[PDB]
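K.L.:
fold the following, please.
(2 chains)
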Amino acid sequence: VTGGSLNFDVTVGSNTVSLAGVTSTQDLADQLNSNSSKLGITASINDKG
Amino acid sequence: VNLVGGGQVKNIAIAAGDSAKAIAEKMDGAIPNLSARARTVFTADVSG
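P.N.:
Numbers count the residues shown, from 1 in each chain, chains lettered A, B, ... in the order given. This is the structure:
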């Protein structure tokens, strides 16, 4: 990420995610794991990356 | 460097400068049921 982060959204069916500040895979991973309540889609980040 | 086993050849990328820990981390994983530890043990003895 050159000078900033990826402030994007995710619309899974009806509801729409409003995540922000994505610089690495881990960041998006935490954003999904937190939003697990709203979005009924489990995420997983292994040691691989 | 390439890996052989269980029909899963994978050219592990070892850049110029990567420490032993990084090498161990990279070579870990892809090849099934294989592990890779790292260890740097070095002594020292000051002369006159």
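K.L.:
going forward, measure contacts between C-alpha atoms and count neighbours the same way
P.N.:
Will do.
K.L.:
so residue A:10 versus residue B:38, what's the distance?
P.N.:
40 Å (Cα to Cα, to the nearest Å).
K.L.:
sorry, slip of the keys, the one I care about is residue B:45.
P.N.:
Computed as Cα to Cα, the residue B:45 to residue B:38 distance reads 24 Å.
K.L.:
ok so residue A:26 is a helix residue?
P.N.:
Yes - residue state for residue A:26 (DSSP: H, G, I helix; E, B strand; the rest coil) corresponds to a helix.
K.L.:
now the end-to-end length of stretch A:39-49.
P.N.:
End-to-end distance for stretch A:39-49, by Cα to Cα: 22 Å.
K.L.:
show me which positions of it end up buried.
P.N.:
Counting neighbours by 16 or more other Cα atoms under 10 Å in any protein chain shown, one finds that the buried residues in stretch A:39-49 are residue A:39.
K.L.:
neighbour-wise, which of residue B:45 and residue B:38 wins?
P.N.:
Comparing residue B:45 with residue B:38 by other Cα atoms under 10 Å in any protein chain shown, the one with more neighbours is residue B:38, at 11 against 5.
K.L.:
so what's the more buried one closest to, chain neighbours aside?
P.N.:
Spatial nearest neighbour of residue B:38, chain neighbours left out: residue B:21 (5.4 Å); criterion: Cα to Cα, 6 or more residues apart in numbering or on different chains.
K.L.:
residue closest to the middle of chain A?
P.N.:
Residue closest to the average C-alpha location in chain A (Cα atoms, centre = their mean): residue A:28, at 3.4 Å.
K.L.:
list the contacts for the closest residue in space to that one that isn't next to it in sequence?
P.N.:
Distances taken as Cα to Cα, 6+ apart place residue A:22 nearest to residue A:28, at 5.8 Å, with adjacent residues excluded. The neighbourhood of residue A:22, defined by Cα atoms under 8 Å, 6 or more residues apart in numbering or on different chains, consists of A:5-7, A:28.
K.L.:
would you mark the buried spots in the helix or strand hosting residue B:26?
P.N.:
Element membership of residue B:26, judged by DSSP states H and E, is helix B:20-27. For helix B:20-27, burial by neighbour count (16+ other Cα under 10 Å) applies to B:23, B:26-27.
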